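S.K.:
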Amino acid sequence: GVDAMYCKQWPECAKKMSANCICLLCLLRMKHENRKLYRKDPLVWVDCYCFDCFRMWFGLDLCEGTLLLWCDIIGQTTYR
Amino acid sequence: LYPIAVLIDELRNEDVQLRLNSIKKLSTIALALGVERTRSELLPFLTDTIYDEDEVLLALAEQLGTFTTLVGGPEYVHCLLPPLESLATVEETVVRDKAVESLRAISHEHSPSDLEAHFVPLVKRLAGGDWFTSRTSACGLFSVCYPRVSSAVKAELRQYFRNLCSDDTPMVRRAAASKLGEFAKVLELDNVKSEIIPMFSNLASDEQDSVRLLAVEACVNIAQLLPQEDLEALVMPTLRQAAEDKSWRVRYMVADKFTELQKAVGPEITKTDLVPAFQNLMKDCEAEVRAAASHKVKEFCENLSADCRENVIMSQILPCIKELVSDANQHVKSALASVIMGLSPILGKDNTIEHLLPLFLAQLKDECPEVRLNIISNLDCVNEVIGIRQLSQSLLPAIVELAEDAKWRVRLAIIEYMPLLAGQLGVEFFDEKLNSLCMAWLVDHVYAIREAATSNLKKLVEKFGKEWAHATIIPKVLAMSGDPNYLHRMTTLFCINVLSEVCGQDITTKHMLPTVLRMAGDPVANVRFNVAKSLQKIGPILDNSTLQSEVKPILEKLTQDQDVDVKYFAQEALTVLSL
Ligand SMILES: [Zn+2]
Ligand SMILES: [Zn+2]
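Residue numbers (PDB author numbering), protein chains in the order written: chain C, 91 to 170; chain A, 10 to 588.
Here it is as structure tokens:
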């Protein structure tokens, strides 16, 4: 299901609403931002695992449907 | 120049909110600088400069929209090509969205030589670029130039539009697909057959369901550009695959645009291919599709082959339907219940009676109001098909049970039909077990309902005559002015308010005007503040005689009641009747 690990409080985290969060979704975005300072090029689902790069790679809208998918992938990936 | 050291201070401007009010008016600045100055240092500035916030950029690219003239006209328009090719590459879409909008716009303002000269080159620059954005922003620039270049350029564009449909980044492939639509329209058959189609296919089968999806969307327009002969050979295999597609989202596409395809395809391919498909859609695993299918039912049947219609419907469609009525999803049910009554002037009296009433009836009783609702709305019809007597020995019952439906809408629904219904059934019939029904509503928990019920009488009278009113309605109404519940006595004064409109002078004056004046002495001030309003209402109907005789008299005494509201109205009456 949806661990408070992948994403705490849905609607929000997905759009920087929860403060000082510690969910991958939140954290992974940060990598994204951070990572985008030293670089100018646009980030893409391959190189980034952030929730948004994901959505854009498969052109999926912001909804729990898409949140679940993203998780399955972040899961298969974190587990070998 | 002049404002080339003035606008700069206006830009570097400490705050950002004014750089909006600056670019927004970057046309009165092109007016200022000559068409030789606007393009002299004004455009070469807005280029290697301006890095502001995305909204400022939106402003710039928008403004660079209307400009084809403020720098010359179709002779120089190609001087706007470099400042966009920059905007159409920013990462925030909203921005490059516009830019490409402008690009496309001023494209028309080019010259055949102008296009193959600078435009088309930029189209290869964007499409070849590193950043997927650019290639995406490119996709929307082929449909415009191509139509007006050389058969050699066309040879390139197409070639280019192809590498896009296969781009590594789905973003772009989706882009190209979302653009396979129009770009196919500007091509000439030969191509569209030996190019669009192939692209249309690959794309309809791309790895990403989010793209095959965008492919199918294209289908209709494509098929709308090929004579029947070929469709069986080009569109069908694909379209066929679509209906089956792994992604419900795609099947949904097919489902939703099903009618459109019908008219796109042809009338025979329809039963040869679509009809079988339609059946599986209606049987589809994902409700969101079953539903999207059910809506298409009626129209699909209507636009079937003038002949085989009755056949296919009964042999193919009809059975699925009967299964849909019992669907689990409150929606599919609901959807279908809306369009299902439409299969009558299409099927037939008997057929309908044997095959559809049970359906309708099944629905008339559904636990869902959106359904009960949807079925009630189309009844007025079927009564045309099956006999009026048939209606009364099958549905009349449900309908009555419906009139005491839990939900006010459903009730309301029954009420607005009643007038039409009675009409058809005949006055004598109504008089029996319909009258009573129409009167109960005058006491429904919900106002909207009572109000409607009241109008219903008026309507009912109009359909049955004041004589009828007089011996069937008027009574029960006046009698209701006895009920201890003060609210009801009001309802009574209201009916009078309504009926008077259609019962004519001689009847208002001897059966209502009285009861109205009498209640003007009700222990409950409300009944009385209304009784005035009423004598005001049923005023003009009366005759100057009866008025000043009983109206004005026992209306004056009213201006002397306690409760201000009573007064407020009591005299307001006298202020219209001239007293
Ligand atoms: Zn979070
Ligand atoms: Zn990312």
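Beta carbons are placed, not taken as given, at the ideal position from N, Cα and C, and that holds for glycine.
State the Cα-Cα distance for the pair A:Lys542 and A:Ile563, rounded to the nearest angstrom.
M.R.: Taking the straight line from one Cα to the other gives about 13 Å.
S.K.: In chain A, which residues lie less than 7 Å from C:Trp147 when you measure between Cβ atoms?
M.R.: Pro179, listed in chain order.
S.K.: Would you say the beta carbon of C:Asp142 comes nearer than 8 Å to a heavy atom of ligand 2?
M.R.: C:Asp142: yes, Cβ under 8 Å from ligand 2.
S.K.: Got a sec, what are the start and stop residues for the alpha helix (DSSP H) A:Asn506 sits in?
M.R.: Here the alpha helix (DSSP H) through A:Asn506 covers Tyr495 to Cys512.
S.K.: Whole alpha helix (DSSP H) runs in the stretch 166-218 of chain A with 4 or more residues, listed along the chain?
M.R.: Entirely contained in the stretch 166-218 of chain A, the alpha helix (DSSP H) runs reaching 4 residues are, in chain order, 179-187, 189-194, 199-203 and 205-213.
S.K.: Could you please give the first and the last residue of the uninterrupted alpha helix (DSSP H) stretch that includes A:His454?
M.R.: Here A:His454 belongs to no alpha helix (DSSP H), and DSSP marks it neither H nor E.
S.K.: Output yes if chain A places a C-beta closer than 9 Å to the C-beta of C:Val92; else output no.
M.R.: It does not: the Cβ of C:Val92 has no partner Cβ on chain A nearer than 9 Å.
S.K.: Please say whether A:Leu223 and A:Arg183 have beta carbons closer to each other than 9 Å?
M.R.: The answer is yes: Cβ separation under 9 Å.
S.K.: Whose CA, out of A:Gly513, A:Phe538, A:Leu248 and A:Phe192, lies closest to the CA of A:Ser214?
M.R.: Minimum Cα distance to A:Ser214 is reached at A:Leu248.
S.K.: Is it buried or exposed, A:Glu125, if we count other Cβ atoms within 10 angstroms and call 16 or more buried?
M.R.: Buried, because 16 or more other Cβ atoms sit within 10 Å of the Cβ of A:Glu125.
S.K.: I'd like to confirm something about C:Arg119: is its beta-carbon nearer than 8 Å to some heavy atom of ligand 2, or not?
M.R.: Indeed, a heavy atom of ligand 2 lies less than 8 Å from the Cβ.
S.K.: Cβ of C:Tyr139 within 8 Å of any heavy atom in ligand 2?
M.R.: Yes, ligand 2 has a heavy atom inside 8 Å of this Cβ.
S.K.: Going by Cα to Cα distance, which pick from A:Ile355, A:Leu345, A:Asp359 and A:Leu356 is closest to A:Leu373?
M.R.: The candidate whose alpha carbon is nearest that of A:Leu373 is A:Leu345.
S.K.: Taking the alpha helix (DSSP H) that A:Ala296 belongs to, which residues open and close that run?
M.R.: Where A:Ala296 is concerned, the enclosing alpha helix (DSSP H) stretches over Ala296 to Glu311.
S.K.: Taking the alpha carbon of C:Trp147 as the reference point, which residue from A:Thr361, A:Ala480, A:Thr517 and A:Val220 has its own alpha carbon closest?
M.R.: C:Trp147 has its Cα closest to that of A:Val220, out of A:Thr361, A:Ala480, A:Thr517 and A:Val220.
S.K.: By DSSP, does A:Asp574 sit in helix, in strand, or in coil?
M.R.: It is helical.
S.K.: Please compile the residues from chain A whose C-beta is within a distance smaller than 7 Å of the C-beta of C:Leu157.
M.R.: In chain order: nothing, as chain A lies at least about 16 Å away.
S.K.: Any beta carbon from chain C within less than 9 Å of A:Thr142's own beta carbon?
M.R.: With 9 Å as the cut-off, A:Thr142 counts as an interface residue toward chain C.
S.K.: Comparing alpha-carbon positions, which option in A:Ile326, A:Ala252, A:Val153 and A:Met291 lies nearest A:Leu270?
M.R.: A:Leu270 has its Cα closest to that of A:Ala252, out of A:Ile326, A:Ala252, A:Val153 and A:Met291.
S.K.: For A:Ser353, which three-state DSSP category applies?
M.R.: Coil, per DSSP.
S.K.: So, is the C-beta of A:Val104 closer than 9 Å to a C-beta in chain C?
M.R.: Answer no: the Cβ-Cβ gap between A:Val104 and chain C never drops below 9 Å.
S.K.: Under the rule that 16 or more other beta-carbon atoms within 10 Å means buried, what is A:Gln545, buried or exposed?
M.R.: It counts as buried.
S.K.: Got a sec, what are the start and stop residues for the alpha helix (DSSP H) A:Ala264 sits in?
M.R.: Per DSSP, A:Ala264 belongs to the alpha helix (DSSP H) from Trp257 to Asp265.
S.K.: Residues of chain A with CB closer than 8 Å to the CB of C:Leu150, please, in chain order.
M.R.: Within 8 Å Cβ-Cβ: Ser219.
S.K.: Can we say the stretch 159-172 of chain A touches the stretch 133-147 of chain C, given the rule of at least three CB pairs closer than 8 Å?
M.R.: Touching, no, given that fewer than three Cβ pairs across the two stretches are closer than 8 Å.
S.K.: Is A:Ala39 closer than 9 Å to A:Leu79 when the C-beta atoms are compared?
M.R.: Yes, the pair counts as a contact, with Cβ atoms nearer than the cut-off.
S.K.: Runs of 4 residues minimum, wholly inside the stretch 377-408 of chain A: which ones carry the alpha helix (DSSP H) assignment?
M.R.: List check, alpha helix (DSSP H) in window: 378-385, 388-391 and 397-401.
S.K.: Closest to A:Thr56 by CA distance: which of A:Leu283, A:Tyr85, A:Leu90 and A:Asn30 is it?
M.R.: When only C-alpha atoms are compared, the closest one is A:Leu90.
S.K.: Closest by CA to A:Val573, which one among A:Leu522, A:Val585, A:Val540 and A:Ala534?
M.R.: For the residues A:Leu522, A:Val585, A:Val540 and A:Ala534, the minimum Cα distance to A:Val573 belongs to A:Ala534.
S.K.: My understanding is that A:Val525 touches A:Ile505, with C-beta atoms under 8 Å, so please give their C-beta distance in whole angstroms.
M.R.: Contact holds; Cβ gap of about 6 Å.
S.K.: Let me make sure I understand the geometry here. Which of A:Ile349, A:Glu379 and A:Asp453 has the alpha-carbon closest to that of A:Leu366?
M.R.: The candidate whose alpha carbon is nearest that of A:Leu366 is A:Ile349.
S.K.: Taking the straight line between their C-alpha atoms, what separation do you get for A:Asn289 and A:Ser335?
M.R.: Taking the straight line from one Cα to the other gives about 16 Å.
S.K.: Please return the same chain residues whose Cβ sits closer than 6 Å to the Cβ of A:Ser314, not counting the five positions on each side in sequence.
M.R.: Taken in chain order, the residues that qualify are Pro276.
S.K.: Alpha helix (DSSP H) containing A:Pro562: first to last residue?
M.R.: From DSSP, the alpha helix (DSSP H) with A:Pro562 extends over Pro562 to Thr568.
S.K.: Could you tell me the distance, in whole angstroms, from the CA atom of A:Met245 to the CA atom of A:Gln233?
M.R.: For A:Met245 and A:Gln233, the distance between alpha carbons rounds to 13 Å.
S.K.: What are the residues in the stretch 183-202 of chain A lying within 9 Å of chain C by C-beta distance?
M.R.: So the list reads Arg183, given in the order they occur along the chain.
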